[PDB]
């Protein structure tokens, strides 16, 4: 829903964790302002020079423990956005949620990846929230809130990563 637009923006590991993994009131998600990096990522049959940046972060259900009383454990899923340069010709259908963008004869592949973080929080069932699903996150973050044609929306990639050795691997 349009609840996605209401989500605030966070910057830095502890700010993202601090906002989401709140025991008193756990939060569904937040947008992430992050650094763009450049390096090889394997998709399909080979490696592609890929631009990567965090874009969103959301709470994920770990477990529900028994008692005296009913407790709920949450984890943070960090969502990254990628531009796998030249990958769009052979991997246009590799992901359920993806976009293609032409740069001359070259076809870039725009997709999202999720990384589960280690930090967890124990919340009582009375304070528990309904977590967002990976399908909804991809639809709102990439499909509805990012335009590869103009590199704009709720986020944009910093292409200067290609020229920064600190942001290259």
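Residue numbers count along the first chain shown, from 1.
- Looking at 7-15 and 20-28 together, the entry lists the larger mean B-factor for 20-28, computed on C-alpha atoms.
- The mean Cα B-factor in the deposited entry runs higher for 125-133 than for the other of 29-37 and 125-133.
- Taking the PDB entry at face value, the top CA B factor among 57, 65, 102, 141 belongs to 65.
- Among the modelled residues of its chain, residue 42 has a C-alpha B-factor that falls in the highest third according to the deposited record.
- The PDB entry assigns residue 106 a C-alpha temperature factor belonging to the middle third of its chain's modelled residues.
- Compared with the other modelled residues of the chain, the Cα B-factor recorded for residue 86 ranks in the middle third.
- When the CA B factors of the chain's modelled residues are split into thirds, the value for residue 48 lands in the middle one.
- The entry lists a Cα temperature factor for residue 76 that places it in the middle third of the chain's modelled residues.
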